[PDB]
file work_20.cif (mmCIF, N, CA and C atoms)
data_query
loop_
_atom_site.label_atom_id
_atom_site.label_comp_id
_atom_site.auth_asym_id
_atom_site.auth_seq_id
_atom_site.Cartn_x
_atom_site.Cartn_y
_atom_site.Cartn_z
N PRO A 2 -12.60 -1.82 11.89
CA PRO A 2 -13.87 -1.15 11.56
C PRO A 2 -14.18 -1.38 10.08
N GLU A 3 -15.17 -0.66 9.54
CA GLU A 3 -15.57 -0.84 8.14
C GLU A 3 -15.05 0.27 7.23
N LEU A 4 -15.10 0.00 5.93
CA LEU A 4 -14.79 0.96 4.89
C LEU A 4 -15.88 0.85 3.82
N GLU A 5 -16.67 1.91 3.69
CA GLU A 5 -17.63 2.03 2.60
C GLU A 5 -16.93 2.52 1.34
N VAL A 6 -17.03 1.71 0.29
CA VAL A 6 -16.56 2.03 -1.05
C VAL A 6 -17.32 1.11 -2.02
N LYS A 7 -17.69 1.66 -3.18
CA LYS A 7 -18.37 0.92 -4.27
C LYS A 7 -19.61 0.10 -3.89
N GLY A 8 -20.49 0.71 -3.10
CA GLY A 8 -21.73 0.07 -2.63
C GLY A 8 -21.52 -1.08 -1.66
N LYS A 9 -20.29 -1.22 -1.19
CA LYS A 9 -19.89 -2.31 -0.31
C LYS A 9 -19.31 -1.83 1.01
N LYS A 10 -19.43 -2.69 2.02
CA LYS A 10 -18.81 -2.47 3.31
C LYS A 10 -17.72 -3.50 3.54
N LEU A 11 -16.48 -3.03 3.45
CA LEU A 11 -15.33 -3.89 3.58
C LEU A 11 -14.82 -3.90 5.02
N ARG A 12 -14.36 -5.06 5.46
CA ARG A 12 -13.80 -5.21 6.80
C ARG A 12 -12.32 -4.80 6.85
N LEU A 13 -11.99 -3.89 7.77
CA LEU A 13 -10.60 -3.55 8.09
C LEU A 13 -10.24 -4.06 9.48
N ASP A 14 -8.96 -4.33 9.72
CA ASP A 14 -8.50 -4.63 11.07
C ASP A 14 -8.27 -3.35 11.90
N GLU A 15 -7.75 -3.50 13.12
CA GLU A 15 -7.57 -2.36 14.02
C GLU A 15 -6.51 -1.38 13.56
N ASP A 16 -5.70 -1.79 12.58
CA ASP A 16 -4.63 -0.97 12.00
C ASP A 16 -4.97 -0.47 10.58
N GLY A 17 -6.21 -0.76 10.18
CA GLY A 17 -6.75 -0.21 8.95
C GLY A 17 -6.43 -1.01 7.71
N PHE A 18 -5.97 -2.25 7.89
CA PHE A 18 -5.62 -3.13 6.78
C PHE A 18 -6.86 -3.89 6.30
N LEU A 19 -7.02 -3.96 4.98
CA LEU A 19 -8.13 -4.65 4.34
C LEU A 19 -8.13 -6.17 4.56
N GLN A 20 -9.10 -6.66 5.32
CA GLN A 20 -9.22 -8.10 5.61
C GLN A 20 -9.93 -8.86 4.49
N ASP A 21 -10.89 -8.22 3.82
CA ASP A 21 -11.44 -8.75 2.57
C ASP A 21 -10.47 -8.39 1.43
N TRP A 22 -9.21 -8.80 1.57
CA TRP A 22 -8.12 -8.33 0.69
C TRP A 22 -8.33 -8.61 -0.80
N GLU A 23 -9.12 -9.65 -1.09
CA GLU A 23 -9.43 -10.02 -2.47
C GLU A 23 -10.51 -9.16 -3.11
N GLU A 24 -11.04 -8.20 -2.35
CA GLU A 24 -12.04 -7.26 -2.87
C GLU A 24 -11.38 -5.99 -3.39
N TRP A 25 -10.06 -5.91 -3.20
CA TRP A 25 -9.30 -4.73 -3.55
C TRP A 25 -9.31 -4.45 -5.05
N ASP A 26 -9.36 -3.17 -5.39
CA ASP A 26 -9.12 -2.65 -6.74
C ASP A 26 -8.66 -1.20 -6.58
N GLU A 27 -8.45 -0.51 -7.69
CA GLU A 27 -8.03 0.91 -7.67
C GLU A 27 -8.95 1.83 -6.84
N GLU A 28 -10.25 1.58 -6.90
CA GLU A 28 -11.25 2.33 -6.14
C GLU A 28 -11.05 2.16 -4.64
N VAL A 29 -10.90 0.91 -4.22
CA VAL A 29 -10.61 0.57 -2.83
C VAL A 29 -9.29 1.20 -2.40
N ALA A 30 -8.27 1.12 -3.26
CA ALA A 30 -6.98 1.72 -2.94
C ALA A 30 -7.17 3.18 -2.60
N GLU A 31 -8.00 3.85 -3.40
CA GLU A 31 -8.27 5.28 -3.25
C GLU A 31 -8.98 5.60 -1.95
N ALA A 32 -9.93 4.76 -1.57
CA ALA A 32 -10.65 4.94 -0.32
C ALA A 32 -9.69 4.73 0.87
N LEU A 33 -8.86 3.71 0.76
CA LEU A 33 -7.84 3.46 1.78
C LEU A 33 -6.89 4.64 1.90
N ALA A 34 -6.45 5.18 0.77
CA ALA A 34 -5.55 6.34 0.76
C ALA A 34 -6.10 7.59 1.46
N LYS A 35 -7.41 7.82 1.37
CA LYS A 35 -8.01 8.95 2.10
C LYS A 35 -8.57 8.59 3.47
N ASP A 36 -8.35 7.36 3.94
CA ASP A 36 -8.90 6.92 5.24
C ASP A 36 -8.08 7.49 6.39
N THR A 37 -8.52 8.65 6.88
CA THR A 37 -7.80 9.42 7.91
C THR A 37 -7.99 8.89 9.35
N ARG A 38 -8.68 7.76 9.48
CA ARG A 38 -8.67 7.02 10.75
C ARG A 38 -7.30 6.37 10.97
N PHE A 39 -6.56 6.16 9.89
CA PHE A 39 -5.34 5.35 9.91
C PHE A 39 -4.17 6.06 9.25
N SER A 40 -4.39 7.35 8.96
CA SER A 40 -3.44 8.22 8.32
C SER A 40 -3.67 9.65 8.85
N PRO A 41 -2.60 10.35 9.26
CA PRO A 41 -2.73 11.76 9.65
C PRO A 41 -3.48 12.58 8.59
N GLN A 42 -3.08 12.40 7.33
CA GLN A 42 -3.66 13.11 6.21
C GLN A 42 -3.93 12.12 5.06
N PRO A 43 -4.93 12.43 4.21
CA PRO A 43 -5.04 11.64 2.99
C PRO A 43 -3.74 11.64 2.17
N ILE A 44 -3.50 10.57 1.45
CA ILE A 44 -2.33 10.51 0.58
C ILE A 44 -2.80 10.57 -0.85
N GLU A 45 -2.34 11.58 -1.56
CA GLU A 45 -2.63 11.75 -2.98
C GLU A 45 -1.79 10.74 -3.77
N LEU A 46 -2.44 9.80 -4.44
CA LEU A 46 -1.71 8.77 -5.17
C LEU A 46 -1.23 9.19 -6.57
N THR A 47 0.07 9.51 -6.70
CA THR A 47 0.70 9.77 -7.99
C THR A 47 1.05 8.43 -8.66
N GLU A 48 1.51 8.47 -9.90
CA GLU A 48 1.92 7.25 -10.61
C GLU A 48 3.06 6.53 -9.89
N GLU A 49 3.95 7.31 -9.28
CA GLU A 49 4.98 6.72 -8.41
C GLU A 49 4.37 5.92 -7.27
N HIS A 50 3.36 6.48 -6.59
CA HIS A 50 2.65 5.75 -5.53
C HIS A 50 2.10 4.44 -6.10
N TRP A 51 1.44 4.53 -7.25
CA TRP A 51 0.83 3.37 -7.92
C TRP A 51 1.81 2.27 -8.29
N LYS A 52 3.01 2.67 -8.73
CA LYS A 52 4.07 1.71 -9.08
C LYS A 52 4.47 0.94 -7.84
N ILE A 53 4.58 1.65 -6.71
CA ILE A 53 4.89 1.01 -5.44
C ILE A 53 3.74 0.10 -4.97
N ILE A 54 2.51 0.62 -5.01
CA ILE A 54 1.31 -0.15 -4.67
C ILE A 54 1.18 -1.47 -5.47
N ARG A 55 1.33 -1.40 -6.79
CA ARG A 55 1.25 -2.59 -7.66
C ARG A 55 2.36 -3.62 -7.38
N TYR A 56 3.58 -3.15 -7.18
CA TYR A 56 4.67 -4.02 -6.78
C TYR A 56 4.39 -4.80 -5.48
N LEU A 57 3.98 -4.09 -4.42
CA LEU A 57 3.66 -4.74 -3.13
C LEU A 57 2.55 -5.78 -3.29
N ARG A 58 1.49 -5.40 -4.01
CA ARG A 58 0.37 -6.31 -4.18
C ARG A 58 0.72 -7.54 -5.02
N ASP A 59 1.46 -7.37 -6.13
CA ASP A 59 1.95 -8.51 -6.90
C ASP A 59 2.81 -9.46 -6.07
N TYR A 60 3.70 -8.89 -5.27
CA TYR A 60 4.54 -9.71 -4.40
C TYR A 60 3.69 -10.56 -3.41
N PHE A 61 2.73 -9.92 -2.75
CA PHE A 61 1.84 -10.62 -1.82
C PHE A 61 1.02 -11.73 -2.51
N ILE A 62 0.49 -11.43 -3.70
CA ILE A 62 -0.30 -12.43 -4.45
C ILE A 62 0.59 -13.64 -4.79
N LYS A 63 1.85 -13.38 -5.15
CA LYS A 63 2.78 -14.44 -5.48
C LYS A 63 3.31 -15.21 -4.25
N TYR A 64 3.75 -14.49 -3.22
CA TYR A 64 4.46 -15.13 -2.11
C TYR A 64 3.70 -15.19 -0.79
N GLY A 65 2.57 -14.50 -0.69
CA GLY A 65 1.76 -14.53 0.54
C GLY A 65 2.32 -13.71 1.71
N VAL A 66 3.35 -12.91 1.45
CA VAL A 66 3.95 -11.99 2.42
C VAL A 66 4.28 -10.69 1.67
N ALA A 67 4.58 -9.61 2.39
CA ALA A 67 5.07 -8.39 1.76
C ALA A 67 6.58 -8.51 1.59
N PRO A 68 7.18 -7.87 0.54
CA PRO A 68 8.63 -7.94 0.34
C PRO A 68 9.35 -7.16 1.42
N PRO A 69 10.59 -7.57 1.74
CA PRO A 69 11.31 -6.82 2.76
C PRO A 69 11.63 -5.42 2.22
N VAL A 70 11.81 -4.45 3.11
CA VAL A 70 12.12 -3.09 2.70
C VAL A 70 13.36 -3.06 1.78
N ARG A 71 14.40 -3.82 2.16
CA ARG A 71 15.61 -3.98 1.36
C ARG A 71 15.31 -4.21 -0.14
N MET A 72 14.38 -5.11 -0.40
CA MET A 72 13.96 -5.46 -1.75
C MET A 72 13.09 -4.39 -2.42
N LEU A 73 12.17 -3.81 -1.66
CA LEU A 73 11.36 -2.68 -2.12
C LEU A 73 12.20 -1.51 -2.62
N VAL A 74 13.21 -1.11 -1.85
CA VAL A 74 14.08 0.02 -2.21
C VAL A 74 14.85 -0.28 -3.51
N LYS A 75 15.41 -1.48 -3.60
CA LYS A 75 16.10 -1.95 -4.81
C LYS A 75 15.17 -1.86 -6.01
N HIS A 76 13.97 -2.43 -5.91
CA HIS A 76 12.94 -2.31 -6.97
C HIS A 76 12.62 -0.87 -7.40
N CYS A 77 12.46 0.02 -6.41
CA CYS A 77 12.14 1.43 -6.61
C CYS A 77 13.24 2.18 -7.34
N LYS A 78 14.48 1.93 -6.95
CA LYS A 78 15.66 2.47 -7.64
C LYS A 78 15.68 2.06 -9.12
N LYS A 79 15.28 0.82 -9.39
CA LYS A 79 15.33 0.26 -10.74
C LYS A 79 14.12 0.69 -11.58
N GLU A 80 12.93 0.70 -10.98
CA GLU A 80 11.69 0.92 -11.74
C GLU A 80 10.95 2.22 -11.51
N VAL A 81 11.26 2.92 -10.43
CA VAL A 81 10.58 4.19 -10.16
C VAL A 81 11.48 5.40 -10.48
N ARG A 82 12.58 5.56 -9.73
CA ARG A 82 13.60 6.55 -10.05
C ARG A 82 14.90 6.18 -9.34
N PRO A 83 16.06 6.49 -9.95
CA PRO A 83 17.36 6.05 -9.43
C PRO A 83 17.65 6.48 -8.00
N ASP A 84 17.03 7.57 -7.56
CA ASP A 84 17.21 8.09 -6.21
C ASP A 84 16.04 7.76 -5.27
N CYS A 85 15.25 6.74 -5.60
CA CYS A 85 14.15 6.39 -4.71
C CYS A 85 14.60 5.49 -3.58
N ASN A 86 15.28 6.09 -2.59
CA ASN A 86 15.63 5.44 -1.33
C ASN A 86 14.47 5.41 -0.32
N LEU A 87 14.73 4.87 0.88
CA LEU A 87 13.69 4.72 1.91
C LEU A 87 13.10 6.06 2.32
N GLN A 88 13.96 7.08 2.42
CA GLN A 88 13.52 8.45 2.68
C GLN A 88 12.50 8.90 1.62
N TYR A 89 12.80 8.64 0.35
CA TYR A 89 11.87 8.98 -0.73
C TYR A 89 10.54 8.23 -0.60
N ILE A 90 10.61 6.93 -0.30
CA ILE A 90 9.41 6.14 0.04
C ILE A 90 8.58 6.77 1.19
N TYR A 91 9.24 7.25 2.25
CA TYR A 91 8.46 7.96 3.31
C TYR A 91 7.91 9.31 2.85
N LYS A 92 8.56 9.96 1.89
CA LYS A 92 8.03 11.20 1.31
C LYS A 92 6.70 10.90 0.61
N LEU A 93 6.66 9.80 -0.14
CA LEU A 93 5.44 9.35 -0.81
C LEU A 93 4.41 8.85 0.20
N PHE A 94 4.86 8.01 1.13
CA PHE A 94 3.99 7.36 2.12
C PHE A 94 4.48 7.74 3.53
N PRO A 95 3.96 8.86 4.08
CA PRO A 95 4.48 9.47 5.33
C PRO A 95 4.66 8.55 6.55
N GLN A 96 3.83 7.52 6.70
CA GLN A 96 3.97 6.53 7.76
C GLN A 96 4.80 5.30 7.31
N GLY A 97 5.27 5.29 6.07
CA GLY A 97 6.17 4.21 5.62
C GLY A 97 5.53 3.15 4.74
N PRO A 98 6.36 2.21 4.24
CA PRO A 98 5.88 1.21 3.28
C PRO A 98 4.93 0.20 3.91
N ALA A 99 5.07 -0.02 5.21
CA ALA A 99 4.23 -0.99 5.89
C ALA A 99 2.92 -0.34 6.32
N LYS A 100 2.98 0.74 7.11
CA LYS A 100 1.74 1.36 7.67
C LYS A 100 0.87 2.02 6.61
N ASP A 101 1.50 2.55 5.56
CA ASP A 101 0.77 3.23 4.48
C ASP A 101 0.67 2.42 3.19
N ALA A 102 1.82 2.05 2.63
CA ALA A 102 1.84 1.50 1.27
C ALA A 102 1.19 0.12 1.18
N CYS A 103 1.55 -0.79 2.08
CA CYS A 103 0.96 -2.12 2.12
C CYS A 103 -0.53 -2.04 2.46
N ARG A 104 -0.89 -1.13 3.36
CA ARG A 104 -2.30 -0.88 3.72
C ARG A 104 -3.11 -0.48 2.48
N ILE A 105 -2.67 0.57 1.80
CA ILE A 105 -3.34 1.10 0.61
C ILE A 105 -3.33 0.07 -0.53
N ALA A 106 -2.28 -0.76 -0.58
CA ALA A 106 -2.20 -1.83 -1.60
C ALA A 106 -3.13 -3.00 -1.28
N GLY A 107 -3.83 -2.94 -0.15
CA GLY A 107 -4.88 -3.92 0.16
C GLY A 107 -4.33 -5.25 0.67
N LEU A 108 -3.10 -5.24 1.19
CA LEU A 108 -2.57 -6.42 1.87
C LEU A 108 -3.29 -6.57 3.20
N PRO A 109 -3.66 -7.82 3.59
CA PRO A 109 -4.42 -7.99 4.83
C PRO A 109 -3.57 -7.74 6.09
N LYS A 110 -2.25 -7.91 5.96
CA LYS A 110 -1.28 -7.53 7.00
C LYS A 110 0.01 -7.06 6.30
N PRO A 111 0.80 -6.19 6.96
CA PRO A 111 2.05 -5.72 6.35
C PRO A 111 3.22 -6.68 6.58
N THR A 112 2.92 -7.87 7.10
CA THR A 112 3.94 -8.78 7.60
C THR A 112 4.94 -9.09 6.50
N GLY A 113 6.22 -8.93 6.84
CA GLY A 113 7.34 -9.08 5.91
C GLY A 113 8.04 -7.77 5.57
N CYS A 114 7.27 -6.69 5.54
CA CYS A 114 7.75 -5.41 5.05
C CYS A 114 8.46 -4.61 6.15
N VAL A 115 9.66 -5.05 6.54
CA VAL A 115 10.52 -4.35 7.50
C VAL A 115 11.99 -4.43 7.05
#
call {"tool": "encode", "arguments": {"input": "work_20.cif", "output": "structure tokens"}}
result
Amino acid sequence: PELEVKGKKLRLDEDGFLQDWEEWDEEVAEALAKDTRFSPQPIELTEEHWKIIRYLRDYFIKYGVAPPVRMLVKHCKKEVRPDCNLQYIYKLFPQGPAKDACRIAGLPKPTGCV
């Protein structure tokens, strides 16, 4: 379906992932985060959320896939907080790094992030 943000109508897939992925910015991230068609509840983006979002998006821009969860957790422990395990990632992103975090980070698919 569509997502109205910033005077634009962006294309999402059936799982709520941004298909016009190159149109993404912080504003789009925010609209995705409150998109309750694809999330039980809006997700309030803290700086921790943002650190995770920026990491996923940089990885996709560089490698064309999302990083594996194994690598995400390692990164989070090093750059977010020493106790940021997968459970902590689900605390931030209730549906997980693929269904929530990669979606909000504007990746066109979460492929790789398992």
call {"tool": "resolve_selection", "arguments": {"input": "work_20.cif", "expression": "the PyMOL selection byres ((chain A and resi 110) around 8)", "output": "ChimeraX atom specification"}}
result
/A:18-20,22,66-67,99,103-104,107-109,111-114
call {"tool": "resolve_selection", "arguments": {"input": "work_20.cif", "expression": "the PyMOL selection byres ((chain A and resi 70-75) around 7)", "output": "PyMOL selection string"}}
result
chain A and resi 67-69+76-80+85-87+113-115
call {"tool": "residues_around", "arguments": {"input": "work_20.cif", "residues": "residue A:49", "least_positions_apart": "4", "cutoff": "6.5 Å", "atoms": "all atoms listed in the file", "output": "list in words"}}
result
residues 53, 54 and 81 of chain A
call {"tool": "select_by_dssp", "arguments": {"input": "work_20.cif", "residues": "chain A", "states": "strand (DSSP E or B)", "output": "PyMOL selection string"}}
result
chain A and resi 3-6+9-13+19
call {"tool": "write_last_selection", "arguments": {"input": "work_20.cif", "atoms": "N, CA and C atoms", "output": "short mmCIF file (atom, residue, chain, number, x, y, z; two decimals), in the frame of the given file"}}
result
data_model
loop_
_atom_site.label_atom_id
_atom_site.label_comp_id
_atom_site.auth_asym_id
_atom_site.auth_seq_id
_atom_site.Cartn_x
_atom_site.Cartn_y
_atom_site.Cartn_z
N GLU A 3 -15.17 -0.66 9.54
CA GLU A 3 -15.57 -0.84 8.14
C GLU A 3 -15.05 0.27 7.23
N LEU A 4 -15.10 0.00 5.93
CA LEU A 4 -14.79 0.96 4.89
C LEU A 4 -15.88 0.85 3.82
N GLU A 5 -16.67 1.91 3.69
CA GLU A 5 -17.63 2.03 2.60
C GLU A 5 -16.93 2.52 1.34
N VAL A 6 -17.03 1.71 0.29
CA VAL A 6 -16.56 2.03 -1.05
C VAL A 6 -17.32 1.11 -2.02
N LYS A 9 -20.29 -1.22 -1.19
CA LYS A 9 -19.89 -2.31 -0.31
C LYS A 9 -19.31 -1.83 1.01
N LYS A 10 -19.43 -2.69 2.02
CA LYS A 10 -18.81 -2.47 3.31
C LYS A 10 -17.72 -3.50 3.54
N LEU A 11 -16.48 -3.03 3.45
CA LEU A 11 -15.33 -3.89 3.58
C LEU A 11 -14.82 -3.90 5.02
N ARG A 12 -14.36 -5.06 5.46
CA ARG A 12 -13.80 -5.21 6.80
C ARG A 12 -12.32 -4.80 6.85
N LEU A 13 -11.99 -3.89 7.77
CA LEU A 13 -10.60 -3.55 8.09
C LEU A 13 -10.24 -4.06 9.48
N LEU A 19 -7.02 -3.96 4.98
CA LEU A 19 -8.13 -4.65 4.34
C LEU A 19 -8.13 -6.17 4.56
#
call {"tool": "select_by_dssp", "arguments": {"input": "work_20.cif", "residues": "chain A", "states": "helix (DSSP H, G or I)", "output": "PyMOL selection string"}}
result
chain A and resi 22-24+27-34+48-64+70-80+87-93+97-105
call {"tool": "closest_residue", "arguments": {"input": "work_20.cif", "among": "A:83, A:2, A:43, A:8", "to": "residue A:101", "atoms": "only C-alpha atoms"}}
result
A:43
call {"tool": "atom_distance", "arguments": {"input": "work_20.cif", "atom1": "atom CA of residue A:102", "atom2": "atom CA of residue A:14"}}
result
15.5 Å
call {"tool": "resolve_selection", "arguments": {"input": "work_20.cif", "expression": "the PyMOL selection byres (((chain A and resi 33-35 and name CA) around 12) and name CA)", "output": "PyMOL selection string"}}
result
chain A and resi 3-6+11-13+16-19+22+25-32+36-47+50-51+54+93-96+100-108
call {"tool": "atom_distance", "arguments": {"input": "work_20.cif", "atom1": "atom C of residue A:10", "atom2": "atom N of residue A:61"}}
result
22.3 Å
call {"tool": "closest_residue", "arguments": {"input": "work_20.cif", "among": "A:82, A:63, A:58, A:9", "to": "residue A:98", "atoms": "only C-alpha atoms"}}
result
A:58
call {"tool": "axis_aligned_box", "arguments": {"input": "work_20.cif", "around": "stretch 102-107 of chain A", "padding_each_side": "6 Å", "output": "JSON"}}
result
{"center_x": -1.5, "center_y": -1.6, "center_z": 1.1, "size_x": 18.7, "size_y": 19.3, "size_z": 17.3}
call {"tool": "atom_distance", "arguments": {"input": "work_20.cif", "atom1": "atom C of residue A:92", "atom2": "atom N of residue A:48"}}
result
12.0 Å
